[PDB]
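**Q** experimental coordinates follow, after the sequence.
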Amino acid sequence: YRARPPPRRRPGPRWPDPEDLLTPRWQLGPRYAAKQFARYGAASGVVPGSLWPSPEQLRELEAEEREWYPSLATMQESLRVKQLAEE
Amino acid sequence: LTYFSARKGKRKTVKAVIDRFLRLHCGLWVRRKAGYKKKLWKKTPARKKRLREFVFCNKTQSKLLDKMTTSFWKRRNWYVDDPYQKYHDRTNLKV
Amino acid sequence: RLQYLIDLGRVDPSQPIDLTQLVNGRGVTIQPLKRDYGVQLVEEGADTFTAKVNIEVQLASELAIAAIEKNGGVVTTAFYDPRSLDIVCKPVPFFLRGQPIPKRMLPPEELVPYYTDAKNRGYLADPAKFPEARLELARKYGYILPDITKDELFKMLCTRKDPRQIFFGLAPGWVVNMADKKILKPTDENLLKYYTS
Amino acid sequence: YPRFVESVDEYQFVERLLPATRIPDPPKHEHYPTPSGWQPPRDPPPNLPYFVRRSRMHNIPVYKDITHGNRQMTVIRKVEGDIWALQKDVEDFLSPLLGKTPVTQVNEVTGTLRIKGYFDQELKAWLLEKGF
Amino acid sequence: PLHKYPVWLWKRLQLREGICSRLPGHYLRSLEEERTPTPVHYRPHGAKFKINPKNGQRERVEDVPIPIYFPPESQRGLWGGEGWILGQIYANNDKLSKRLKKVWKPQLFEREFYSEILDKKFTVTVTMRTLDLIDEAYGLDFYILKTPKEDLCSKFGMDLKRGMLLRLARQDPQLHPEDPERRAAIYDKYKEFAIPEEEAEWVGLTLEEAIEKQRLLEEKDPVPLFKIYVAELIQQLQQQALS
Amino acid sequence: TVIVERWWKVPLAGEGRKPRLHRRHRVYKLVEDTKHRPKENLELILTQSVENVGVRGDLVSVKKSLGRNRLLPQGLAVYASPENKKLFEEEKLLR
Amino acid sequence: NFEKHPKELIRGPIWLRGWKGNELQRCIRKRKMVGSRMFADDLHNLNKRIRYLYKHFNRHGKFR
RNA sequence: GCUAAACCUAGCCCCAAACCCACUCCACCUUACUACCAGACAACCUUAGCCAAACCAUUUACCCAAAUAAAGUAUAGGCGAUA
RNA sequence: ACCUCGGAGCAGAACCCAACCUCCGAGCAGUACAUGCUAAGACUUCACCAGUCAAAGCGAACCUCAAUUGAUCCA
Ligand SMILES: [Mg+2]
Ligand SMILES: [Mg+2]
Ligand SMILES: [Mg+2]
């Protein structure tokens, strides 16, 4: 008997139907398309410009990083201040 | 005690031994002697320091603590300037 | 172990040694999920050591620094955060995501003096003081200071990455692709301003 | 959408970053024993009833083993050929050290020896001067 | 055995398949928005990340709303963004004591208010928070129009919104006889809240009365086979006379 | 509108997934009732002059009670909002 | 050339495609993955089962 | 030798895949399956408790939206069981 | 009536040994203020908890009694 054909990964991206509920939302998410781009090259048809953050996303990111992660100047300033206090 | 979890189906540690004891990768356990901060005025100083000092544990309660704790607390850790690296590993032992 | 790896020939000392090459040679496995900020050098193996390598590291003991400087190598520390260390120690899984090269960040409130001291060979420390520290270490451990300025590969030895840059070739904001191999920059003013900030 | 620009010239760094998948044949050091006490196998190999192969990392297949916390032994893993000659040879080699003949355990199926006590460094030097 | 779809998808699959399938898209989008309400019964954390005082380390935080109870009279009469809080508490604010089944219900007030668009004086059970927020909105109708639906949580308020938007879209003289000046002034003041007539009609309705209105729209006596066949036959005879 | 907060800490959840609840979280404590809080007089512009308050075109802060009672229903005053305060100030300038 | 793994080849239920475990772990995985699609009475029986199995494995038996 | 004995089918369980049901001859909410008359009658409420803690009184997982992993970690907790 | 600790006998001579067996007691007190820090090696109230002795060294001068008492969390 000829053996059944060898099972193989589906060639090409996997673009599900968004108007289909049982399909999870993490496929419709953009990170999915980014993964498919990085995997199957530009053949996916995904626009490259979409993966970068929008200006709003960049704004929130710079805001949170400026708020939480300080800079070297302020860092060394606080170091000097606390060292002087200890002294 | 909780040999199988409800959400993941895994063992679960009691944080009691985590707060009270310490494990060394050799398989040993240390502990702060009890009553080391209570009623120090009546106790003689030799007793005070016998209470202050660390000590080890029996093999029985050692393996009991091991049984209730999980492998995360039995793993090798490389801390910075942690004084117990001198003692995690054993030297010049037989039998 | 470093001598073992180099004389087995898995890591090329002619090429600048760094954490990526170490992890590819399997000299050290890393578990950033277990909050291991990197790799440290230790005093063991000072003898029988002829590396000459330009090792990149996070921690460094004075014995290892002195031995490498005696054999003519180069030692300098480089703080990586957990996520940066993850991208470094497993680059391909990150490139399968398609999101751009992240940016390193400065050390936390504690390790800035450490990575800024010159005796430490911190990448943030001044270069003007590195000769001084090399001189004190030589004067300490009784070995002449070999001027590596003469050899042909002083350029290789002084190849270094500035902070907020993961790889010697790549920079943050860059996007890499291997299927239909390409590299992509934004060339947008705001984006590049951020990725340089 | 944001703009972008493409390049291919900077792919050499990525090619460098790509990891390896086979152990490389070590380089030819002009003088041996190279540091770390490594010594490649002699060529041609020795004509003997048996032969010991190296590991993936081109090391000798001696190892140690501990069991019950006290049983303290060393094993030879991948002896090819007549392992009985080899076990007799190591017995004759180690008899003067202990004053007694070991009672080693041979598994000629896998080609393994199992000897009480640690003799890893001694057996390594022995197999090196034999040229395996 | 198992179902093809989960249970919590059955209701939306029904929304997509049936009488409601003929409904427009904007109404479905509005009812499926599921937008978070304004917090009234707890202080929301100003930031998503927060540093606890125990250890000097970051800790993500996410506010959690309270399961408020909305009685029927609350929907009948505009209360605001509040309702009965059903829960339980420890006695003497001591964890290590007796737990007790507790119920909080706000202080209601029966007050009169007037609106220039509806031109009618209504009586409703309202609250201090309602009064304060309408004062912040600088008038009742402003709040009734600018209310995110989940914050208003009152079908009476939603019906007021429906009627008001409908009147703004129609620009009817029904409101101000003999005062076109006042009419136009008010419509210009509230010009920006305006939306299409069909949108104003559909807004402020649950799916039940939505499908009811859809049925009242679609329903009509069937045209007789006799009539359609007369039409087809006249067409055929015209074609034959042409040929 | 009483304000409350949970005695127990809720297990943190994802941004896309809603949290698990339990009566351990149903339990509450009272933090503030925001009715004992001291009132804040609201600003309003009165058209018709009245005793001790002000005159036409004038703005003033007054009690919520009185304002909600007699000013607004009578149609005398209006909200101090940018829709009309510019009209008030420009007619004042005209005067 | 390592295009696929032998675990995704087996034909079977969805809560076990390349997985092994005792009955407790199996039932909790089944509810975690399929409980939404499950019938009401079957889900109730499964909850009762995980409850009984928790009680048994954690409270009952030797070796404690 | 009787009483008896033997049978192998009906069908059933778990999965997978796929979403699913309604005489439209008469009758059926009054006392259902009953041909025919003046009412103003309408739903929206925390689950608790056993058990465990070797008593019990705070507490004791029971889903609600990607499988694995981080992780049984950070945390909570008569800082106990346990979560 | 008792519930913990110590001494004596039963238990005569290395250790241990119970009884609602026979007797006496304790739940402190007093003197210094190096009643400081460290540390080999050992005993151990039949387990664990606890409880004991202590060479040497640094630093210093030139404890008695028999029990004389209470873990963890927590404040
Ligand atoms: Mg082994
Ligand atoms: Mg003993
Ligand atoms: Mg002495």
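**A** Thanks, I have the structure now. Numbering: from 1, shown residues only, chains lettered A, B, ... in the order given. Ligands and ions are numbered 1, 2, ... in the order given.

**Q** excluding its backbone neighbours, what's nearest residue C:161?
**A** In space, and not counting its chain neighbours, residue C:161 is closest to residue C:168: 5.7 Å by C-beta to C-beta, 6 or more residues apart in numbering or on different chains. All C-beta spots, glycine's among them, are computed from the backbone N, C-alpha and C.

**Q** so what's that neighbour up against?
**A** Counting by C-beta atoms under 8 Å, 6 or more residues apart in numbering or on different chains, residue C:168 makes contact with C:16, C:18, C:159, C:161, D:13.

**Q** repeat that for 10 Å
**A** Residue C:168 makes contact with C:15-16, C:18, C:20, C:56, C:159-161, D:13, D:16-17, according to C-beta atoms under 10 Å, 6 or more residues apart in numbering or on different chains.

**Q** now do the SS call for the residue most central in space within chain D.
**A** Nearest to the geometric centre of chain D sits residue D:60, at 1.8 Å (C-alpha atoms, centre = their mean). What DSSP: H, G, I helix; E, B strand; the rest coil gives for residue D:60 is coil.

**Q** also the one 4 residues further on?
**A** Under the three-state scheme (three-state DSSP), the conformation of residue D:64 reads as strand.

**Q** contact partners for the residue in chain A that chain E sits nearest to?
**A** Among all residues of chain A, residue A:21 sits closest to chain E, at 5.2 Å; criterion: C-beta to the nearest C-beta. With contacts taken as C-beta under 10 Å, 6+ apart, residue A:21 has the following neighbours: E:5-6, E:8-9, E:12-13, E:16.

**Q** and it, how far is that from RNA strand H?
**A** 9 Å (C-beta to the nearest atom of the strand, to the nearest Å).

**Q** what residues does the one helix or strand residue B:86 maps to touch?
**A** Using DSSP states H and E, residue B:86 falls within helix B:85-88. Residues from elsewhere that reach helix B:85-88 (C-beta under 10 Å, 6+ apart): B:22-26, B:28, B:30, B:54, B:76-79, B:82.

**Q** buried only: go through those residues for me.
**A** Buried residues within the contacts of helix B:85-88, counting neighbours by 16 or more other C-beta atoms under 10 Å in any protein chain shown: B:23-24.

**Q** can you redo the contacts of helix B:85-88 as JSON lines with distance to residue E:142 and secondary structure?
**A** Shown next, in JSON lines, are the contacts of helix B:85-88 (distance: C-beta to C-beta, whole Å; DSSP: H, G, I helix; E, B strand; the rest coil):
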{"residue": "B:22", "distance to residue E:142": "65", "secondary structure": "strand"}
{"residue": "B:23", "distance to residue E:142": "66", "secondary structure": "strand"}
{"residue": "B:24", "distance to residue E:142": "70", "secondary structure": "strand"}
{"residue": "B:25", "distance to residue E:142": "69", "secondary structure": "coil"}
{"residue": "B:26", "distance to residue E:142": "74", "secondary structure": "coil"}
{"residue": "B:28", "distance to residue E:142": "73", "secondary structure": "strand"}
{"residue": "B:30", "distance to residue E:142": "70", "secondary structure": "strand"}
{"residue": "B:54", "distance to residue E:142": "71", "secondary structure": "strand"}
{"residue": "B:76", "distance to residue E:142": "66", "secondary structure": "coil"}
{"residue": "B:77", "distance to residue E:142": "62", "secondary structure": "coil"}
{"residue": "B:78", "distance to residue E:142": "64", "secondary structure": "coil"}
{"residue": "B:79", "distance to residue E:142": "61", "secondary structure": "coil"}
{"residue": "B:82", "distance to residue E:142": "63", "secondary structure": "coil"}
